[PDB]
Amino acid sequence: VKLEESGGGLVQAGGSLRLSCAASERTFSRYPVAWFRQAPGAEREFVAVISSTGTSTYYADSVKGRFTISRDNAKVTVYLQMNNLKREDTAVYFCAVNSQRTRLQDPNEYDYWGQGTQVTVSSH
């Protein structure tokens, strides 16, 4: 599995961004896929996870209602729709595969990672 995130950048508080995580192989569709984010200096915090099929999802409390994780296995891609962004959402966002399928909130359990994409939320 090779993963590539795109779609980040600079955005005003209250605004939106859709992140994409694309893989290169169909085997991607066998595994659950999560977003993690890392603020500078801090540790990789869990954002959302989606099952291999796309029917089952789970979100961190801080993003519940604002973010939506989805997938299109035909395009071997996972999406994170981020609405009503807040200053606190600023971070590098990584998508990751967990081929063991165990303990989905824990970044250490994930064996494949993208390079990350920067999201920066401004003011006003």
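From 1 onward, residues are counted along the sequence shown.
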| property | result |
| --- | --- |
| Stretch with the greater mean C-alpha B-factor as recorded in the entry, comparing 37 to 45 against 67 to 75 | 37 to 45 |
| 24 to 32 or 91 to 99, whichever carries the higher mean Cα B-factor | 24 to 32 |
| Third of the chain, ranked by Cα B-factor, where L80 sits | lowest |
| Entry-reported Cα temperature factor of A13, expressed as the chain third it lands in | highest |
| Third assignment of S122 from its chain's C-alpha B-factors | highest |
